[PDB]
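Take a look at this one chain, the form deposited in one PDB entry, written out in structure tokens.
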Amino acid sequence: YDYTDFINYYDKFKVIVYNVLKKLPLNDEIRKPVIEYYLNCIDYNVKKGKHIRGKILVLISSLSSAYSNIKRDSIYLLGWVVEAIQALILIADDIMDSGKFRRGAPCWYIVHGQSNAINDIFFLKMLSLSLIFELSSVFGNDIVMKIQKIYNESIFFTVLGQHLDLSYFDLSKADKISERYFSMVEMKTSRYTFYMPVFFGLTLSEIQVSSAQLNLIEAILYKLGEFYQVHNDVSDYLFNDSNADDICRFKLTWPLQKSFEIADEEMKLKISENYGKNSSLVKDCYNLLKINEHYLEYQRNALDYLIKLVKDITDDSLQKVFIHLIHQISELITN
């Protein structure tokens, strides 16, 4: 789709941004490249990262209830709010995971120190919170309250998911591993990534009134969800050769859980051991059973399943939005 226009709204978002930082009263503005620090921050973090999720809200927003003026902009804004929200999440993430890189540029916690990273996170959170309260002018009180409730659930869930991700207690005799993993992925990834933006979408959209069987869309966003997380995990096993990444950590991953549904007593002693220590050797075992083989299997049932539940949408017009959605996601994973 076009989508160039959302992306052009940025500059009114920094207007709308900069036009908050009138925070102190009675001076000639000297103490006040604080306002310059955080515009910088925004260009760096919010101004990179594909803007996948903000797209999804603006996408979903433009079909369920086509717009034509003057709320159109309240949507772009939130879509950049989404992006600002996502960004703060992965600033946090890159810290916890000692990451190096993101959105092309190195990690913010790297450049501006970790102590500043932590402050800027909740800066971005607090601007998002207060920016969401702008809508009330354009969209009315209850439609912003439903937007709140959605912000809260998704960011909270992400926080419990991110907690499982951190949890030091992955064990040897683990046969629920597949269920630890996937249902964490639902929390730490699918909520903010797909649930939040899509469900944002049709608050602003406010149409149509689809209910009851509307657990269907939350069943697609779930799978899109782990579709993503499960692609991001593979690309890590496939595509980084550093002297410490993922399985260096005790990182509950897709190639590790289904190497635990195929491997033997002998293999599962392989993983257990040099996990956290020897990623190459663990990566080797991964090769042996060719992780990206079955990975290529996941993908087609994972698209098959999305496909068939696509053609079960009550909204012929929202049927195709998700088919659009499912399409770019795949492509985006296929790059």
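Shifts are known only where both forms have a C-alpha. The first residue of the sequence shown is number 1, and the count goes up from there. Only the largest set of C-alpha atoms that superpose within 1.5 Å between the two forms is called the rigid core.
Another form, the form deposited in another entry, is not on view; read the next lines as being about it.
In the overlay on the core between this form and the one not shown, a shift of 2 Å or more in CA position is seen for a single residue of 114, 242, 232, 167, which is 242.
Once both forms are fitted on their rigid core, the CA atom of residue 67 lies 2 Å or more apart between this form and the one not shown. In that other deposited form, the CA atoms of residue 68 and residue 6 move apart by 3 angstroms or more relative to this form.
In comparison with the shown form, the Cα-Cα distance of residue 262 and residue 169 decreases by at least 3 angstroms in that other deposited form. Relative to the superposed core, shifted segments between this form and the one not shown, defined as three or more consecutive residues with every Cα moved by 2 Å or more, span 66-69, 168-171, 242-244.
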